[PDB]
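Here is input-v9.cif, consisting of mmCIF, C-alpha atoms:
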data_protein
#
loop_
_atom_site.group_PDB
_atom_site.id
_atom_site.type_symbol
_atom_site.label_atom_id
_atom_site.label_comp_id
_atom_site.auth_asym_id
_atom_site.auth_seq_id
_atom_site.Cartn_x
_atom_site.Cartn_y
_atom_site.Cartn_z
ATOM 1 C CA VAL A 2208 -15.794 -11.488 40.892
ATOM 2 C CA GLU A 2209 -14.991 -11.713 37.174
ATOM 3 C CA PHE A 2210 -18.652 -12.360 36.323
ATOM 4 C CA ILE A 2211 -19.491 -8.697 36.936
ATOM 5 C CA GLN A 2212 -15.976 -7.417 36.197
ATOM 6 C CA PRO A 2213 -15.154 -7.185 32.466
ATOM 7 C CA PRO A 2214 -11.391 -7.612 32.905
ATOM 8 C CA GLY A 2215 -10.642 -6.365 29.390
ATOM 9 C CA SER A 2216 -12.865 -3.277 29.572
ATOM 10 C CA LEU A 2217 -11.797 -2.006 32.989
ATOM 11 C CA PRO A 2218 -14.015 1.112 33.313
ATOM 12 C CA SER A 2219 -17.742 1.764 33.056
ATOM 13 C CA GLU A 2220 -17.066 5.377 31.995
ATOM 14 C CA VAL A 2221 -14.811 7.634 34.058
ATOM 15 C CA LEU A 2222 -15.667 9.832 37.039
ATOM 16 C CA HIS A 2223 -13.398 12.798 37.792
ATOM 17 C CA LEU A 2224 -13.871 14.735 41.035
ATOM 18 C CA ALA A 2225 -12.285 18.177 41.319
ATOM 19 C CA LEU A 2226 -11.047 19.253 44.738
ATOM 20 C CA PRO A 2227 -9.959 22.756 45.802
ATOM 21 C CA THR A 2228 -6.215 23.343 45.654
ATOM 22 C CA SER A 2229 -6.302 24.628 49.246
ATOM 23 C CA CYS A 2230 -6.630 21.006 50.408
ATOM 24 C CA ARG A 2231 -3.400 20.043 48.610
ATOM 25 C CA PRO A 2232 -1.016 20.304 51.626
ATOM 26 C CA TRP A 2233 -3.021 17.734 53.631
ATOM 27 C CA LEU A 2234 -3.770 15.363 50.750
ATOM 28 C CA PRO A 2235 -2.960 12.038 52.509
ATOM 29 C CA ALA A 2236 -5.005 12.690 55.658
ATOM 30 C CA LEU A 2237 -8.028 13.540 53.508
ATOM 31 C CA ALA A 2238 -7.562 10.172 51.805
ATOM 32 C CA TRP A 2239 -7.808 8.385 55.144
ATOM 33 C CA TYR A 2240 -10.917 10.412 55.957
ATOM 34 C CA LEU A 2241 -12.259 9.413 52.553
ATOM 35 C CA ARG A 2242 -11.173 5.819 53.178
ATOM 36 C CA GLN A 2243 -13.273 6.130 56.318
ATOM 37 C CA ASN A 2244 -16.186 8.254 55.135
ATOM 38 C CA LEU A 2245 -16.853 6.032 52.119
ATOM 39 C CA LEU A 2246 -17.444 2.974 54.332
ATOM 40 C CA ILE A 2247 -21.080 3.701 55.129
ATOM 41 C CA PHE A 2248 -22.718 1.217 52.771
ATOM 42 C CA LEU A 2249 -19.545 0.477 50.803
ATOM 43 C CA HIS A 2250 -17.970 -2.891 51.551
ATOM 44 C CA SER A 2251 -14.328 -3.903 51.471
ATOM 45 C CA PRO A 2252 -13.104 -5.794 48.363
ATOM 46 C CA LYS A 2253 -12.164 -8.822 50.476
ATOM 47 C CA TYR A 2254 -13.279 -12.416 49.955
ATOM 48 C CA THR A 2255 -12.045 -16.002 50.315
ATOM 49 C CA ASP A 2256 -9.145 -15.059 48.057
ATOM 50 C CA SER A 2257 -5.521 -15.809 48.935
ATOM 51 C CA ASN A 2258 -4.430 -14.044 45.743
ATOM 52 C CA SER A 2259 -4.710 -10.577 44.238
ATOM 53 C CA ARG A 2260 -5.988 -12.055 40.961
ATOM 54 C CA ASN A 2261 -8.975 -13.557 42.775
ATOM 55 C CA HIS A 2262 -9.607 -10.085 44.185
ATOM 56 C CA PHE A 2263 -11.354 -7.535 41.989
ATOM 57 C CA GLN A 2264 -9.283 -6.095 39.155
ATOM 58 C CA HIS A 2265 -7.796 -2.691 39.997
ATOM 59 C CA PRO A 2266 -6.977 -0.444 36.992
ATOM 60 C CA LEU A 2267 -5.329 2.073 39.327
ATOM 61 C CA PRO A 2268 -1.668 1.811 40.363
ATOM 62 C CA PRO A 2269 -0.894 2.546 44.023
ATOM 63 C CA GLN A 2270 0.198 6.096 44.787
ATOM 64 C CA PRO A 2274 1.771 -2.840 49.759
ATOM 65 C CA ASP A 2275 -1.459 -0.865 50.193
ATOM 66 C CA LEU A 2276 -4.594 0.404 48.422
ATOM 67 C CA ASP A 2277 -7.916 -1.315 47.678
ATOM 68 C CA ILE A 2278 -11.155 -0.812 45.748
ATOM 69 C CA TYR A 2279 -14.796 0.019 46.470
ATOM 70 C CA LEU A 2280 -17.715 -2.408 46.219
ATOM 71 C CA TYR A 2281 -21.374 -1.365 46.071
ATOM 72 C CA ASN A 2282 -24.262 -3.744 46.679
ATOM 73 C CA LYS A 2283 -27.233 -3.690 44.334
ATOM 74 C CA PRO A 2284 -29.992 -1.373 45.618
ATOM 75 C CA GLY A 2285 -33.684 -1.604 44.833
ATOM 76 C CA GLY A 2286 -36.290 -3.846 46.427
ATOM 77 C CA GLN A 2287 -39.899 -2.702 46.183
ATOM 78 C CA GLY A 2288 -40.775 -0.966 42.933
ATOM 79 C CA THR A 2289 -37.577 0.213 41.274
ATOM 80 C CA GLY A 2290 -34.720 -2.263 41.313
ATOM 81 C CA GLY A 2291 -31.948 -3.893 39.366
ATOM 82 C CA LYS A 2292 -28.625 -5.699 39.449
ATOM 83 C CA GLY A 2293 -25.710 -3.395 40.208
ATOM 84 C CA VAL A 2294 -22.210 -4.411 41.295
ATOM 85 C CA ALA A 2295 -18.821 -2.872 40.583
ATOM 86 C CA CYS A 2296 -15.214 -2.511 41.719
ATOM 87 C CA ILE A 2297 -14.266 1.174 41.871
ATOM 88 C CA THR A 2298 -10.524 1.824 42.234
ATOM 89 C CA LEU A 2299 -10.288 5.611 42.426
ATOM 90 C CA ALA A 2300 -7.154 7.719 42.788
ATOM 91 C CA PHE A 2301 -6.140 11.371 42.975
ATOM 92 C CA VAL A 2302 -4.132 12.855 40.098
ATOM 93 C CA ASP A 2303 -3.802 16.131 38.212
ATOM 94 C CA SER A 2310 0.709 11.115 44.256
ATOM 95 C CA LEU A 2311 0.593 11.443 48.048
ATOM 96 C CA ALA A 2312 3.642 9.242 48.711
ATOM 97 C CA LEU A 2313 6.026 12.215 48.690
ATOM 98 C CA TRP A 2314 3.616 14.192 50.887
ATOM 99 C CA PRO A 2315 4.508 13.807 54.645
ATOM 100 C CA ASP A 2323 -4.800 31.574 60.309
ATOM 101 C CA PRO A 2324 -8.531 30.855 60.536
ATOM 102 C CA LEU A 2325 -11.293 31.333 57.970
ATOM 103 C CA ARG A 2326 -14.621 33.116 58.203
ATOM 104 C CA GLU A 2327 -18.178 31.760 58.149
ATOM 105 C CA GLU A 2328 -20.109 34.011 55.769
ATOM 106 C CA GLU A 2329 -17.330 33.357 53.220
ATOM 107 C CA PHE A 2330 -17.561 29.607 53.855
ATOM 108 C CA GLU A 2331 -18.419 26.869 51.320
ATOM 109 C CA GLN A 2332 -15.436 27.977 49.234
ATOM 110 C CA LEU A 2333 -13.261 25.213 50.672
ATOM 111 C CA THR A 2334 -16.319 22.927 50.558
ATOM 112 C CA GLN A 2335 -17.015 23.668 46.876
ATOM 113 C CA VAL A 2336 -16.475 20.650 44.622
ATOM 114 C CA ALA A 2352 -5.840 21.476 42.319
ATOM 115 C CA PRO A 2353 -5.757 17.671 42.250
ATOM 116 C CA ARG A 2354 -8.617 15.898 40.508
ATOM 117 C CA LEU A 2355 -10.049 12.608 41.779
ATOM 118 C CA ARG A 2356 -10.522 10.108 38.955
ATOM 119 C CA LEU A 2357 -12.895 7.197 39.536
ATOM 120 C CA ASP A 2358 -13.636 4.138 37.409
ATOM 121 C CA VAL A 2359 -15.777 1.084 38.164
ATOM 122 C CA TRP A 2360 -17.003 -2.095 36.464
ATOM 123 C CA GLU A 2361 -20.775 -1.683 36.251
ATOM 124 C CA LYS A 2362 -22.969 -4.796 36.237
ATOM 125 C CA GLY A 2363 -26.259 -3.309 35.036
ATOM 126 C CA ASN A 2364 -28.837 -1.125 36.774
ATOM 127 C CA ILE A 2365 -26.685 1.358 38.694
ATOM 128 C CA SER A 2366 -28.220 4.857 38.219
ATOM 129 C CA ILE A 2367 -24.808 6.417 37.685
ATOM 130 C CA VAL A 2368 -26.122 9.905 38.501
ATOM 131 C CA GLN A 2369 -27.133 8.821 42.011
ATOM 132 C CA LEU A 2370 -23.744 7.198 42.583
ATOM 133 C CA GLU A 2371 -21.960 10.317 41.314
ATOM 134 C CA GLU A 2372 -23.888 12.647 43.616
ATOM 135 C CA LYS A 2373 -23.353 10.226 46.508
ATOM 136 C CA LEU A 2374 -19.618 10.320 45.781
ATOM 137 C CA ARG A 2375 -19.678 14.125 45.712
ATOM 138 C CA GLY A 2376 -21.494 14.321 49.044
ATOM 139 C CA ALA A 2377 -19.254 11.744 50.708
ATOM 140 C CA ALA A 2378 -16.113 13.508 49.491
ATOM 141 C CA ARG A 2379 -17.423 16.847 50.762
ATOM 142 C CA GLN A 2380 -18.210 15.337 54.168
ATOM 143 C CA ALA A 2381 -14.779 13.695 54.388
ATOM 144 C CA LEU A 2382 -13.056 16.961 53.468
ATOM 145 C CA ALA A 2383 -15.091 18.827 56.090
ATOM 146 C CA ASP A 2384 -14.161 16.227 58.715
ATOM 147 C CA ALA A 2385 -10.486 16.518 57.793
ATOM 148 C CA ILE A 2386 -10.667 20.317 58.022
ATOM 149 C CA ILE A 2387 -12.387 20.300 61.422
ATOM 150 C CA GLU A 2388 -9.728 17.889 62.666
ATOM 151 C CA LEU A 2389 -6.764 19.754 61.167
ATOM 152 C CA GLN A 2390 -7.468 23.305 62.205
ATOM 153 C CA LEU A 2391 -10.423 23.682 64.579
ATOM 154 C CA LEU A 2392 -9.446 20.792 66.870
ATOM 155 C CA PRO A 2393 -5.905 21.828 67.978
ATOM 156 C CA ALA A 2394 -7.147 25.182 69.313
ATOM 157 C CA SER A 2395 -7.228 25.364 73.110
ATOM 158 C CA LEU A 2396 -9.726 27.233 75.272
#
Full structure transcribed into structure tokens:
Amino acid sequence: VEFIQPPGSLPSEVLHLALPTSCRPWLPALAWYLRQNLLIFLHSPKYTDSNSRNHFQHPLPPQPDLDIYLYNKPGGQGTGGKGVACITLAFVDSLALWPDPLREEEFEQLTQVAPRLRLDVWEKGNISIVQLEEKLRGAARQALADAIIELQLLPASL
């Protein structure tokens, strides 16, 4: 774990994601959706480690909970490289203190991407940070859309 993680230099440059303020009231639920929607190719930061020190270093205090994100190295035929990290992202300008319809033609306003979402990882080489950033943007947008469809469209009865 520490081979790819530079414990002194925690980040591999920062990544801040800006979310619409309209999603502020339901901040924690979104997190769960994110904590779900990210786990497509992301893998849990769990190993044969009966200690938090053996687990990947997390330069992000909890908002016992929380975890990090691990990405396997992509590549294969043609383009390739060695990429591994431990991303411990958080939302800041704290969801612990946290517990009319909208039109269609005026949509994409709530889906446009006021709490920011800071992200920092420990890069291990060939990562193509632009691809990871756009993947993060898309995943966050999908998770927010899922949370919206669950919060407001679902409870309506026929």
- Task: Find the distance between CA of residue 2303 (chain A) and CA of residue 2231 (chain A) and write it in Å to one decimal.
- Result: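 These two atoms are separated by 11.1 Å.
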- Message: Quick check on the file I pasted: which residues fall under the PyMOL selection byres ((chain A and resi 2293-2298) around 6)? Write them as a PyMOL selection string.
- Response: chain A and resi 2265+2267+2278-2283+2292+2299+2358-2365
- Around the point (-15.5, 21.8, 47.5) in the file's coordinates, collect all residues with an atom within 8 Å, using all atoms listed in the file, and return them as a ChimeraX atom specification. /A:2225-2227,2331-2336,2379
- Query: Which distance in Å separates CA of residue 2238 (chain A) and CA of residue 2330 (chain A), to one decimal?
  - Reply: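 Distance between the two atoms: 22.0 Å.
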- Task: Excluding residue 2312 (chain A) and any residue of its chain fewer than 3 positions from it, enumerate the residues within 9 Å of it, using all atoms listed in the file, and give them as a list in words.
- Result: residues 2235, 2270 and 2315 of chain A
- Name the residues captured by the PyMOL selection byres ((chain A and resi 2248) around 12) when it is applied to the shown file; answer as a PyMOL selection string. chain A and resi 2243-2247+2249-2251+2279-2284+2370+2373-2374+2377
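Here, the PyMOL selection byres ((chain A and resi 2300) around 6) matches residues 2299, 2301, 2355 and 2356 of chain A.
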- Message: Let me make sure I understand: among A:2380, A:2386, A:2391, A:2396, which one has the smallest atom-to-atom distance to residue 2241 (chain A) if we use all atoms listed in the file?
- Response: A:2380
Could you work out an axis-aligned bounding box for all listed atoms of region 2279-2286 of chain A, with 6 Å added on each of the six sides, and give its centre and edge lengths in Å to one decimal, as lines of an AutoDock Vina configuration file?
center_x = -25.5
center_y = -1.9
center_z = 45.5
size_x = 33.5
size_y = 15.9
size_z = 14.3
- For residue 2387 (chain A): contacts at 12 Å, only C-alpha atoms, fewer than 4 positions along chain excluded, given as an MDAnalysis selection string: chainID A and resid 2237 2240 2324:2325 2333:2334 2380:2383 2391:2394
- Which protein, DNA or RNA residues are at most 10 Å from (-13.4, -2.7, 31.1) in the file's coordinates when you count only C-alpha atoms, listed as a list in words?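 The requested residues, written out, are residues 2212, 2213, 2214, 2215, 2216, 2217, 2218, 2219, 2220, 2264, 2266, 2358, 2359, 2360 and 2361 of chain A.
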- Item | Point-to-point distance in Å for CA of residue 2233 (chain A) and CA of residue 2388 (chain A) | 11.3 Å
- Item | Pick from A:2326, A:2385, A:2208, A:2230, whichever lies nearest to residue 2259 (chain A) using all atoms listed in the file |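 Selected residue with least distance to residue 2259 (chain A): A:2208.
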- Message: Can you pull out the residues contacting residue 2262 (chain A)? Cut-off 8 Å, using only C-alpha atoms, and skip same-chain residues under 3 positions away; I want them as a list in words.
- Response: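 After dropping sequence-adjacent residues, the list is residues 2208, 2252, 2253, 2254, 2256, 2258 and 2259 of chain A.
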